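**Student:** My structure file upload24.txt, compact mmCIF, C-alpha atoms and all ligand atoms, is below:
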```txt
# COMPACT_ATOMS: atom_id res chain seq x y z
CA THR J 700 -9.56 61.72 -3.39
CA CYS J 701 -6.22 62.26 -5.20
CA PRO J 702 -3.46 62.57 -2.62
CA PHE J 703 -1.20 65.61 -2.57
CA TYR J 704 1.93 63.55 -3.23
CA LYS J 705 0.52 62.67 -6.74
CA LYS J 706 0.16 66.34 -7.77
CA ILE J 707 2.94 68.55 -9.25
CA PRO J 708 2.60 72.18 -7.96
CA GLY J 709 2.54 74.97 -10.54
CA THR J 710 1.30 72.67 -13.23
CA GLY J 711 -1.81 70.94 -14.35
CA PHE J 712 0.01 67.62 -13.89
CA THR J 713 -0.47 64.36 -12.04
CA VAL J 714 1.76 61.28 -11.67
CA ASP J 715 0.40 57.71 -11.37
CA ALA J 716 -3.11 59.12 -10.65
CA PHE J 717 -5.57 57.04 -12.77
CA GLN J 718 -7.93 55.62 -10.16
CA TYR J 719 -9.62 58.82 -8.89
CA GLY J 720 -11.83 59.60 -11.88
CA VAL J 721 -11.39 63.01 -13.48
CA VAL J 722 -8.89 64.91 -11.34
CA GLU J 723 -10.05 68.50 -11.19
CA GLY J 724 -7.76 70.72 -13.19
CA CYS J 725 -5.49 67.94 -14.56
CA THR J 726 -4.37 68.65 -18.15
CA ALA J 727 -1.81 65.76 -18.49
CA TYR J 728 -1.58 62.38 -16.66
CA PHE J 729 1.97 60.95 -16.48
CA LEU J 730 2.53 57.19 -15.89
CA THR J 731 6.03 56.25 -14.58
CA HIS J 732 5.82 52.47 -15.31
CA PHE J 733 3.50 49.57 -16.11
CA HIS J 734 2.78 48.15 -12.60
CA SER J 735 -0.88 47.76 -11.50
CA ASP J 736 -0.78 49.95 -8.34
CA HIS J 737 0.36 52.72 -10.69
CA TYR J 738 -1.81 52.23 -13.84
CA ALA J 739 -4.97 51.25 -11.87
CA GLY J 740 -7.85 52.83 -13.67
CA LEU J 741 -6.57 52.98 -17.28
CA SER J 742 -8.53 51.23 -20.13
CA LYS J 743 -9.71 51.71 -23.75
CA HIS J 744 -12.29 54.26 -22.38
CA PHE J 745 -9.64 56.75 -21.19
CA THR J 746 -9.74 60.09 -23.15
CA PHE J 747 -7.04 62.33 -21.55
CA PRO J 748 -3.39 62.69 -22.68
CA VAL J 749 -1.07 60.03 -21.10
CA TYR J 750 2.63 60.80 -21.08
CA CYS J 751 5.09 57.88 -20.65
CA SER J 752 8.07 55.99 -22.12
CA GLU J 753 7.91 54.13 -25.52
CA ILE J 754 7.89 50.77 -23.70
CA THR J 755 5.08 51.77 -21.32
CA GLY J 756 3.12 53.09 -24.34
CA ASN J 757 3.51 49.65 -26.10
CA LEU J 758 1.98 47.98 -23.02
CA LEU J 759 -0.93 50.55 -22.74
CA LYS J 760 -1.85 49.90 -26.43
CA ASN J 761 -1.42 46.09 -26.44
CA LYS J 762 -2.38 44.95 -22.93
CA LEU J 763 -4.97 47.54 -21.85
CA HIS J 764 -6.20 48.62 -25.35
CA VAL J 765 -5.78 52.35 -24.70
CA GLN J 766 -6.39 54.25 -27.94
CA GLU J 767 -3.32 55.36 -29.75
CA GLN J 768 -4.45 59.02 -30.07
CA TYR J 769 -4.20 59.46 -26.23
CA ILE J 770 -0.72 57.84 -25.83
CA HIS J 771 2.16 60.27 -25.92
CA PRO J 772 5.48 58.38 -25.70
CA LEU J 773 8.64 60.48 -25.00
CA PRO J 774 12.28 59.60 -25.70
CA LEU J 775 14.59 59.31 -22.74
CA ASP J 776 17.29 61.80 -21.87
CA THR J 777 15.68 64.49 -24.09
CA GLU J 778 14.29 67.93 -23.25
CA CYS J 779 10.60 67.92 -24.21
CA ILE J 780 7.79 70.58 -23.86
CA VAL J 781 4.44 69.36 -22.46
CA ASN J 782 1.54 71.91 -22.14
CA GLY J 783 4.18 74.62 -22.00
CA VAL J 784 6.43 73.05 -19.37
CA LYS J 785 9.93 71.53 -19.98
CA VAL J 786 10.24 67.87 -18.84
CA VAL J 787 12.87 65.11 -19.15
CA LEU J 788 12.37 61.35 -18.66
CA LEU J 789 15.29 59.39 -17.09
CA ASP J 790 15.94 55.68 -16.61
CA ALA J 791 14.64 54.59 -13.13
CA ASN J 792 16.53 51.19 -12.95
CA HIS J 793 13.20 49.53 -11.93
CA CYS J 794 11.28 47.33 -14.52
CA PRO J 795 11.35 47.71 -18.33
CA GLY J 796 10.06 51.11 -19.44
CA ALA J 797 10.23 52.62 -15.90
CA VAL J 798 11.15 56.32 -15.67
CA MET J 799 11.87 59.17 -13.28
CA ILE J 800 10.48 62.64 -14.37
CA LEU J 801 12.25 66.00 -14.15
CA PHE J 802 9.91 69.06 -14.20
CA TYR J 803 11.26 72.59 -14.87
CA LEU J 804 8.61 74.89 -13.47
CA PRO J 805 7.99 78.30 -15.07
CA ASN J 806 8.86 80.00 -11.77
CA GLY J 807 12.43 78.41 -11.71
CA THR J 808 11.70 75.46 -9.35
CA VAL J 809 13.05 72.09 -10.47
CA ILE J 810 11.17 68.88 -9.27
CA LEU J 811 12.32 65.25 -9.63
CA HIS J 812 9.70 62.47 -9.20
CA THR J 813 11.54 59.18 -8.98
CA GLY J 814 8.52 56.98 -9.71
CA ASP J 815 9.65 53.51 -8.45
CA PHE J 816 13.52 53.26 -8.72
CA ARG J 817 16.63 51.40 -7.57
CA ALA J 818 19.18 54.19 -6.97
CA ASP J 819 22.51 53.72 -8.56
CA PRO J 820 25.74 55.78 -8.82
CA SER J 821 25.21 55.83 -12.70
CA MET J 822 22.42 58.34 -12.03
CA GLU J 823 25.00 60.83 -10.72
CA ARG J 824 26.16 61.22 -14.40
CA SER J 825 22.81 61.72 -16.16
CA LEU J 826 21.11 65.08 -16.89
CA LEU J 827 20.59 65.27 -13.11
CA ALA J 828 24.14 66.49 -12.56
CA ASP J 829 23.57 69.68 -14.69
CA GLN J 830 21.28 71.64 -12.34
CA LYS J 831 19.95 71.89 -8.83
CA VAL J 832 16.74 70.03 -7.73
CA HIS J 833 14.60 71.75 -5.19
CA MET J 834 11.90 69.12 -4.44
CA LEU J 835 12.20 65.28 -4.57
CA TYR J 836 9.19 62.97 -4.71
CA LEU J 837 10.93 59.82 -3.42
CA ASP J 838 10.30 56.05 -3.66
CA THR J 839 10.73 55.21 0.02
CA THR J 840 9.71 51.48 -0.20
CA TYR J 841 12.73 50.25 1.81
CA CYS J 842 13.52 53.41 3.84
CA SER J 843 14.84 51.69 7.03
CA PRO J 844 18.35 50.44 7.81
CA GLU J 845 17.30 46.77 8.20
CA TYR J 846 16.83 46.66 4.42
CA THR J 847 20.11 45.43 2.96
CA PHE J 848 20.36 43.31 -0.10
CA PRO J 849 23.01 42.12 -2.51
CA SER J 850 23.68 43.53 -5.95
CA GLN J 851 21.54 42.22 -8.81
CA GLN J 852 24.74 40.81 -10.34
CA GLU J 853 25.55 38.65 -7.23
CA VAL J 854 22.01 37.31 -7.17
CA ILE J 855 22.02 36.35 -10.90
CA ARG J 856 25.41 34.65 -10.47
CA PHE J 857 23.94 32.55 -7.59
CA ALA J 858 20.88 31.59 -9.66
CA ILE J 859 22.91 30.69 -12.83
CA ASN J 860 25.47 28.48 -10.89
CA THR J 861 22.62 26.75 -8.93
CA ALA J 862 20.55 25.94 -12.01
CA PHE J 863 23.55 24.83 -14.13
CA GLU J 864 24.78 22.50 -11.34
CA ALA J 865 21.33 20.91 -10.78
CA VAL J 866 20.54 20.23 -14.42
CA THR J 867 24.03 18.91 -15.18
CA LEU J 868 23.70 16.46 -12.21
CA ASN J 869 20.17 15.54 -13.37
CA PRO J 870 19.35 16.21 -17.09
CA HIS J 871 15.74 15.26 -16.27
CA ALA J 872 15.20 18.20 -13.85
CA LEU J 873 12.87 21.11 -14.81
CA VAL J 874 13.55 24.71 -13.75
CA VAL J 875 10.52 26.88 -12.89
CA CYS J 876 10.52 30.67 -12.24
CA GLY J 877 7.62 32.69 -10.77
CA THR J 878 6.30 36.06 -12.03
CA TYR J 879 3.23 38.36 -11.49
CA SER J 880 4.19 41.57 -13.22
CA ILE J 881 6.85 42.87 -15.61
CA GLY J 882 10.36 43.24 -14.14
CA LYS J 883 13.10 40.78 -13.02
CA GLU J 884 13.35 39.31 -16.57
CA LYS J 885 17.12 38.79 -16.03
CA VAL J 886 16.39 35.95 -13.52
CA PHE J 887 14.68 33.61 -16.04
CA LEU J 888 16.62 34.80 -19.12
CA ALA J 889 20.01 34.26 -17.55
CA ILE J 890 19.11 30.75 -16.39
CA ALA J 891 17.72 29.74 -19.82
CA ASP J 892 20.91 31.18 -21.47
CA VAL J 893 23.27 28.96 -19.33
CA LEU J 894 21.11 25.89 -20.01
CA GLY J 895 20.80 26.37 -23.81
CA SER J 896 16.96 26.50 -23.62
CA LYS J 897 14.26 29.11 -24.44
CA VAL J 898 11.91 30.07 -21.66
CA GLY J 899 8.43 28.68 -22.04
CA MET J 900 5.35 30.61 -20.94
CA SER J 901 1.63 31.29 -21.48
CA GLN J 902 0.41 33.22 -24.50
CA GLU J 903 -0.53 36.25 -22.30
CA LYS J 904 2.98 36.48 -20.77
CA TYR J 905 4.66 36.01 -24.14
CA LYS J 906 2.60 38.96 -25.48
CA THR J 907 3.68 41.14 -22.50
CA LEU J 908 7.35 40.36 -23.08
CA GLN J 909 7.07 41.12 -26.86
CA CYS J 910 6.23 44.81 -25.91
CA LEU J 911 9.56 45.40 -24.01
CA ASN J 912 12.17 46.10 -26.77
CA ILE J 913 14.51 43.46 -25.37
CA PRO J 914 17.22 42.62 -28.04
CA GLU J 915 17.05 39.14 -29.60
CA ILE J 916 13.84 38.32 -27.64
CA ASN J 917 12.51 36.00 -30.38
CA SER J 918 15.63 33.86 -29.72
CA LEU J 919 14.95 33.60 -25.91
CA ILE J 920 11.24 32.96 -25.29
CA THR J 921 8.53 30.67 -26.63
CA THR J 922 4.94 29.47 -26.09
CA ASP J 923 5.95 25.86 -26.83
CA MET J 924 6.29 24.38 -23.33
CA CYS J 925 7.38 20.98 -24.64
CA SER J 926 10.58 22.32 -26.22
CA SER J 927 11.63 24.25 -23.08
CA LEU J 928 13.27 23.20 -19.78
CA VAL J 929 12.79 26.58 -18.08
CA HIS J 930 9.07 27.32 -17.44
CA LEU J 931 7.47 30.58 -16.17
CA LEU J 932 4.40 30.35 -13.99
CA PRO J 933 2.29 32.72 -11.89
CA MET J 934 3.98 33.50 -8.60
CA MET J 935 0.90 32.04 -6.85
CA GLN J 936 1.65 28.58 -8.27
CA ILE J 937 5.25 28.56 -6.71
CA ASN J 938 4.45 26.23 -3.79
CA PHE J 939 4.66 22.44 -3.32
CA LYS J 940 1.02 21.77 -4.39
CA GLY J 941 1.14 23.98 -7.50
CA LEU J 942 4.51 22.55 -8.55
CA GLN J 943 3.56 18.86 -7.98
CA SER J 944 0.51 19.61 -10.16
CA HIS J 945 2.63 21.19 -12.87
CA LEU J 946 5.02 18.25 -12.91
CA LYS J 947 2.05 15.91 -13.56
CA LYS J 948 1.25 18.03 -16.66
CA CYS J 949 4.70 17.44 -18.19
CA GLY J 950 3.96 13.76 -18.86
CA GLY J 951 6.98 12.04 -17.33
CA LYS J 952 9.49 14.21 -19.24
CA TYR J 953 10.92 15.39 -15.89
CA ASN J 954 11.38 13.82 -12.43
CA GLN J 955 12.58 16.85 -10.30
CA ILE J 956 11.76 20.60 -10.09
CA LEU J 957 14.07 23.32 -9.03
CA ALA J 958 11.92 26.56 -8.56
CA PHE J 959 12.92 30.26 -7.99
CA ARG J 960 10.78 32.92 -6.20
CA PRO J 961 12.47 36.35 -6.71
CA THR J 962 10.98 38.16 -3.68
CA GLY J 963 11.78 41.74 -2.61
CA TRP J 964 13.29 41.67 0.89
CA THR J 965 12.83 38.81 3.33
CA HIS J 966 14.27 38.89 7.00
CA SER J 967 16.80 36.08 6.25
CA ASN J 968 18.85 39.12 4.78
CA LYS J 969 19.57 40.51 8.30
CA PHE J 970 21.63 37.38 9.00
CA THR J 971 22.23 35.39 5.83
CA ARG J 972 24.74 36.06 2.96
CA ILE J 973 23.82 35.16 -0.68
CA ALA J 974 26.49 32.41 -0.64
CA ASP J 975 24.58 30.84 2.28
CA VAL J 976 20.94 30.67 0.86
CA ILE J 977 19.20 27.23 1.02
CA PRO J 978 15.98 25.92 -0.47
CA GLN J 979 12.80 24.52 1.11
CA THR J 980 12.52 20.93 -0.12
CA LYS J 981 9.67 18.32 -0.19
CA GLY J 982 10.40 15.15 -2.05
CA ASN J 983 11.74 15.88 -5.57
CA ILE J 984 10.74 19.65 -5.39
CA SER J 985 13.13 22.41 -4.17
CA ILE J 986 12.09 26.16 -3.87
CA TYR J 987 14.65 28.98 -3.59
CA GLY J 988 13.57 32.49 -2.39
CA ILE J 989 16.17 34.85 -3.86
CA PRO J 990 16.47 38.57 -2.93
CA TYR J 991 16.40 40.15 -6.40
CA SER J 992 15.21 43.75 -5.75
CA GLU J 993 14.18 46.47 -8.23
CA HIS J 994 13.91 49.03 -5.43
CA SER J 995 16.70 50.95 -3.61
CA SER J 996 18.26 49.47 -0.46
CA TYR J 997 18.42 51.90 2.52
CA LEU J 998 22.14 52.59 1.81
CA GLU J 999 21.54 53.15 -1.96
CA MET J 1000 18.68 55.54 -1.27
CA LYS J 1001 20.74 57.42 1.33
CA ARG J 1002 23.71 57.87 -1.05
CA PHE J 1003 21.42 59.21 -3.82
CA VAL J 1004 19.70 61.72 -1.64
CA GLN J 1005 22.96 62.92 0.07
CA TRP J 1006 24.45 63.38 -3.51
CA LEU J 1007 21.36 65.31 -4.75
CA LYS J 1008 20.87 67.52 -1.74
CA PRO J 1009 17.19 68.40 -2.24
CA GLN J 1010 15.60 71.28 -0.28
CA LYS J 1011 12.41 69.29 0.42
CA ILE J 1012 11.58 65.51 0.29
CA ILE J 1013 7.98 64.18 -0.29
CA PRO J 1014 7.75 60.37 0.30
CA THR J 1015 5.45 58.42 -2.06
CA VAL J 1016 5.60 54.97 -0.30
CA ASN J 1017 4.67 53.91 3.27
CA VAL J 1018 2.81 57.22 3.79
CA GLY J 1019 -0.31 55.58 5.28
CA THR J 1020 0.77 55.43 9.00
CA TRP J 1021 2.01 58.10 11.36
CA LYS J 1022 4.79 55.89 12.76
CA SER J 1023 6.15 55.30 9.21
CA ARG J 1024 5.95 58.93 8.23
CA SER J 1025 7.68 60.07 11.43
CA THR J 1026 10.44 57.48 11.12
CA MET J 1027 11.14 58.45 7.46
CA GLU J 1028 11.33 62.17 8.38
CA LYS J 1029 13.89 61.34 11.10
CA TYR J 1030 16.12 59.56 8.53
CA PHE J 1031 15.84 62.52 6.17
CA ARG J 1032 17.09 64.90 8.93
CA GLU J 1033 19.95 62.59 9.87
CA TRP J 1034 21.03 62.47 6.23
CA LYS J 1035 20.90 66.23 5.81
CA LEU J 1036 22.88 66.89 9.05
CA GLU J 1037 25.59 64.28 8.26
CA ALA J 1038 26.08 65.72 4.69
CA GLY J 1039 25.64 69.42 5.60
CA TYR J 1040 22.95 70.69 3.23
NI NI C 1 6.77 49.27 -9.38
```
As a first step, turn the structure in this file into structure tokens.
Ligand code: NI
**Tutor:**
Amino acid sequence: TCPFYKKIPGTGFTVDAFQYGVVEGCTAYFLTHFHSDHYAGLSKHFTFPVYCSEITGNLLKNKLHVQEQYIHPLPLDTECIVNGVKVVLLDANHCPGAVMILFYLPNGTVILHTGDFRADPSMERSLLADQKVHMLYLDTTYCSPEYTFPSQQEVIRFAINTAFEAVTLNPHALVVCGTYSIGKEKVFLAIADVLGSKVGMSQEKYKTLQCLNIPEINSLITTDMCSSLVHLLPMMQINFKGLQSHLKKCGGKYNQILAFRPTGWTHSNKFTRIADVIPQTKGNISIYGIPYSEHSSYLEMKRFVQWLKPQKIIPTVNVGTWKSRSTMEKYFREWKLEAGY
């Protein structure tokens, strides 16, 4: 049944709650972003109002065939009324189109649902600064102090310098980048930019990217694989067998692959600096696992919450085990006692 942490009290609203059938007493279904654990259940057969960003609404229409009359896109950073309740959508610094939602309840309570987010100090100067938030529904994906990672900027710099060096040493090398959902577009776009190439990809992935309002996108991507030296493939194919196979397909145009797998966190972070990352190599194939995250680190999450000072926190991630829930609650109390709220 629909869990309590997907329901907004004092409203008829749910958030990311599309896989439970008709939720009793739900008058509006919000969708924070286009990732499958969140949209699971949507299709052309859905007949309730869906509230979301413009970008997410482009993806619902084009990829899932949801009928236009049920899609209600909202502008960001703008006070809107939905079924008699004031709401605001804010940038979540996750994947394209991803939002946090501010609810202003009729009784005076203010609720922030982060959806999935990567906290950033820029959030401390949005519409969030202008009033108090009483309850926080929090993306706790990496809520434990072992989760450190570098900035997105440091990671992109590493990937650009690596790719540029390899291809300038060997003009017959191919660069490959893995993907399985929207997000992390900067990885493949920044590499193709430094190399003076478009990124080549399947028709289905090209379609997905054409829904994202990225500036100058027609200049950066293509379905012509032959004219490209940066290819995108399914994340599943980023292994020595899948890459050897791909290289056969290219018809002797290339004699080396350098591949990137942009994971979330991996335990080499506890020890290793970004400067110090090395690939796994077999023959003329090298694979780099790079820690490009679109979720908060523990320290980023902690700073955001200690700035906001909510009266009550409701975790949305890692809620399935008692040991996880109890550990998260302990961190929340530490944070509150250190900061004094
Ligand atoms: Ni997500």
**Student:** Neighbouring residues of ligand NI 1 (chain C) are defined here as those with any atom at most 12 Å from a ligand atom, counting all atoms listed in the file; list them as a PyMOL selection string.
**Tutor:** chain J and resi 715+730-738+791-799+813-817+838-840+879-883+963+992-995+1015-1016
**Student:** Please produce a file of the residues just selected, as an mmCIF file, in the frame of the given file, where the atoms kept are C-alpha atoms.
**Tutor:**
```cif
data_model
loop_
_atom_site.group_PDB
_atom_site.id
_atom_site.type_symbol
_atom_site.label_atom_id
_atom_site.label_comp_id
_atom_site.auth_asym_id
_atom_site.auth_seq_id
_atom_site.Cartn_x
_atom_site.Cartn_y
_atom_site.Cartn_z
ATOM 1 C CA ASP J 715 0.400 57.710 -11.370
ATOM 2 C CA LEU J 730 2.530 57.190 -15.890
ATOM 3 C CA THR J 731 6.030 56.250 -14.580
ATOM 4 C CA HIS J 732 5.820 52.470 -15.310
ATOM 5 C CA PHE J 733 3.500 49.570 -16.110
ATOM 6 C CA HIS J 734 2.780 48.150 -12.600
ATOM 7 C CA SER J 735 -0.880 47.760 -11.500
ATOM 8 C CA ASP J 736 -0.780 49.950 -8.340
ATOM 9 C CA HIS J 737 0.360 52.720 -10.690
ATOM 10 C CA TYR J 738 -1.810 52.230 -13.840
ATOM 11 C CA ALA J 791 14.640 54.590 -13.130
ATOM 12 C CA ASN J 792 16.530 51.190 -12.950
ATOM 13 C CA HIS J 793 13.200 49.530 -11.930
ATOM 14 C CA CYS J 794 11.280 47.330 -14.520
ATOM 15 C CA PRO J 795 11.350 47.710 -18.330
ATOM 16 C CA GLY J 796 10.060 51.110 -19.440
ATOM 17 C CA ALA J 797 10.230 52.620 -15.900
ATOM 18 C CA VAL J 798 11.150 56.320 -15.670
ATOM 19 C CA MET J 799 11.870 59.170 -13.280
ATOM 20 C CA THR J 813 11.540 59.180 -8.980
ATOM 21 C CA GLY J 814 8.520 56.980 -9.710
ATOM 22 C CA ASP J 815 9.650 53.510 -8.450
ATOM 23 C CA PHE J 816 13.520 53.260 -8.720
ATOM 24 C CA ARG J 817 16.630 51.400 -7.570
ATOM 25 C CA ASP J 838 10.300 56.050 -3.660
ATOM 26 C CA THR J 839 10.730 55.210 0.020
ATOM 27 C CA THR J 840 9.710 51.480 -0.200
ATOM 28 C CA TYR J 879 3.230 38.360 -11.490
ATOM 29 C CA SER J 880 4.190 41.570 -13.220
ATOM 30 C CA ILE J 881 6.850 42.870 -15.610
ATOM 31 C CA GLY J 882 10.360 43.240 -14.140
ATOM 32 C CA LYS J 883 13.100 40.780 -13.020
ATOM 33 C CA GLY J 963 11.780 41.740 -2.610
ATOM 34 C CA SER J 992 15.210 43.750 -5.750
ATOM 35 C CA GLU J 993 14.180 46.470 -8.230
ATOM 36 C CA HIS J 994 13.910 49.030 -5.430
ATOM 37 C CA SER J 995 16.700 50.950 -3.610
ATOM 38 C CA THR J 1015 5.450 58.420 -2.060
ATOM 39 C CA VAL J 1016 5.600 54.970 -0.300
#
```
**Student:** Neighbouring residues of residue 943 in chain J were defined as those with any atom within 10 Å, considering all atoms listed in the file; residues of the same chain fewer than 4 positions away were excluded. Please report them as number ranges by chain.
**Tutor:** J: 936-939, 947-948, 955-956, 981-984
**Student:** From the options J:949, J:1036, J:865, J:1012, which residue's atoms come nearest to residue 837 in chain J, counting all atoms listed in the file?
**Tutor:**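 Distance minimum relative to residue 837 in chain J lands on J:1012.
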**Student:** Got a sec: who's within 10 Å of residue 1039 in chain J, counting only C-alpha atoms, leaving out chain neighbours fewer than 6 positions off, as an mmCIF file with C-alpha atoms, keeping the file's coordinate frame?
**Tutor:**
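Below you can see out21.cif, which holds the result:
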```cif
data_model
loop_
_atom_site.group_PDB
_atom_site.id
_atom_site.type_symbol
_atom_site.label_atom_id
_atom_site.label_comp_id
_atom_site.auth_asym_id
_atom_site.auth_seq_id
_atom_site.Cartn_x
_atom_site.Cartn_y
_atom_site.Cartn_z
ATOM 1 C CA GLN J 1005 22.960 62.920 0.070
ATOM 2 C CA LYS J 1008 20.870 67.520 -1.740
ATOM 3 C CA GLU J 1033 19.950 62.590 9.870
#
```
**Student:** May I ask which of the residues J:1006, J:802, J:991, J:728 is the closest one to residue 885 in chain J, counting only C-alpha atoms?
**Tutor:**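 Among J:1006, J:802, J:991, J:728, it is J:991 that comes nearest to residue 885 in chain J.
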**Student:** For residue 1002 in chain J, list every protein, DNA or RNA residue within 12 Å, evaluated using all atoms listed in the file, and leave out those in the same chain fewer than 2 positions away; present the list as a list in words.
**Tutor:**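 Here the answer would be residues 817, 818, 819, 820, 821, 822, 823, 995, 996, 997, 998, 999, 1000, 1004, 1005, 1006, 1007, 1008, 1031, 1034, 1035, 1037 and 1038 of chain J.
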**Student:** Filtering to C-alpha atoms, could you give me those residues as a compact mmCIF listing (two decimals), in the frame of the given file?
**Tutor:**
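Result file out-v8.txt:
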```
# COMPACT_ATOMS: atom_id res chain seq x y z
CA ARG J 817 16.63 51.40 -7.57
CA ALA J 818 19.18 54.19 -6.97
CA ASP J 819 22.51 53.72 -8.56
CA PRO J 820 25.74 55.78 -8.82
CA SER J 821 25.21 55.83 -12.70
CA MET J 822 22.42 58.34 -12.03
CA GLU J 823 25.00 60.83 -10.72
CA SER J 995 16.70 50.95 -3.61
CA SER J 996 18.26 49.47 -0.46
CA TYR J 997 18.42 51.90 2.52
CA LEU J 998 22.14 52.59 1.81
CA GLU J 999 21.54 53.15 -1.96
CA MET J 1000 18.68 55.54 -1.27
CA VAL J 1004 19.70 61.72 -1.64
CA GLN J 1005 22.96 62.92 0.07
CA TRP J 1006 24.45 63.38 -3.51
CA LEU J 1007 21.36 65.31 -4.75
CA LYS J 1008 20.87 67.52 -1.74
CA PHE J 1031 15.84 62.52 6.17
CA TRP J 1034 21.03 62.47 6.23
CA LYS J 1035 20.90 66.23 5.81
CA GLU J 1037 25.59 64.28 8.26
CA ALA J 1038 26.08 65.72 4.69
```
**Student:** Give me, please, the distance in Å between CA of residue 924 in chain J and CA of residue 862 in chain J, quoted to one decimal.
**Tutor:** 18.3 Å
**Student:** Extract, using all atoms listed in the file, all DNA, RNA and protein residues at most 6 Å from residue 874 in chain J, discarding same-chain residues fewer than 6 positions from it, and format them as a list in words.
**Tutor:**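 So the residues in contact are residues 929, 956, 957 and 958 of chain J.
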**Student:** Contacts of residue 952 in chain J at 9 Å or less, counting all atoms listed in the file, minus same-chain residues fewer than 2 places along, as a list in words?
**Tutor:**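 Neighbouring residues, sequence-local ones excluded: residues 871, 872, 873, 925, 946, 949, 950 and 954 of chain J.
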**Student:** Counting all atoms listed in the file, figure out which residue out of J:765, J:875, J:1013, J:828 gets nearest to residue 931 in chain J.
**Tutor:**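 Looking at the shortest contact to residue 931 in chain J, the residue is J:875.
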**Student:** Could you add N, CA and C atoms to range 1009-1023 of chain J and give me the result as a short mmCIF file (atom, residue, chain, number, x, y, z; two decimals), in the coordinates of the input?
**Tutor:**
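Below is the file that was written, part_26.cif:
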```
data_model
loop_
_atom_site.label_atom_id
_atom_site.label_comp_id
_atom_site.auth_asym_id
_atom_site.auth_seq_id
_atom_site.Cartn_x
_atom_site.Cartn_y
_atom_site.Cartn_z
N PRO J 1009 18.44 67.68 -2.04
CA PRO J 1009 17.19 68.40 -2.24
C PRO J 1009 16.83 69.32 -1.06
N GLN J 1010 16.07 70.39 -1.31
CA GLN J 1010 15.60 71.28 -0.28
C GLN J 1010 14.41 70.72 0.44
N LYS J 1011 13.62 69.88 -0.23
CA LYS J 1011 12.41 69.29 0.42
C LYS J 1011 12.18 67.88 -0.18
N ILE J 1012 11.85 66.90 0.69
CA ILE J 1012 11.58 65.51 0.29
C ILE J 1012 10.08 65.23 0.62
N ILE J 1013 9.40 64.62 -0.36
CA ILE J 1013 7.98 64.18 -0.29
C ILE J 1013 8.02 62.66 -0.54
N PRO J 1014 7.80 61.86 0.50
CA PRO J 1014 7.75 60.37 0.30
C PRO J 1014 6.50 59.98 -0.46
N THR J 1015 6.60 58.98 -1.35
CA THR J 1015 5.45 58.42 -2.06
C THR J 1015 5.03 57.01 -1.59
N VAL J 1016 5.82 56.37 -0.73
CA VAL J 1016 5.60 54.97 -0.30
C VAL J 1016 5.62 54.86 1.21
N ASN J 1017 4.74 54.02 1.78
CA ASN J 1017 4.67 53.91 3.27
C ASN J 1017 4.14 55.18 3.93
N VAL J 1018 3.32 55.95 3.23
CA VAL J 1018 2.81 57.22 3.79
C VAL J 1018 1.50 57.06 4.59
N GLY J 1019 1.04 55.82 4.72
CA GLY J 1019 -0.31 55.58 5.28
C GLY J 1019 -0.37 55.51 6.80
N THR J 1020 0.76 55.47 7.53
CA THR J 1020 0.77 55.43 9.00
C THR J 1020 1.62 56.49 9.63
N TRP J 1021 1.21 57.02 10.78
CA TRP J 1021 2.01 58.10 11.36
C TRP J 1021 3.41 57.67 11.81
N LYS J 1022 3.53 56.45 12.33
CA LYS J 1022 4.79 55.89 12.76
C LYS J 1022 5.79 55.76 11.58
N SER J 1023 5.29 55.33 10.44
CA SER J 1023 6.15 55.30 9.21
C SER J 1023 6.57 56.66 8.73
#
```
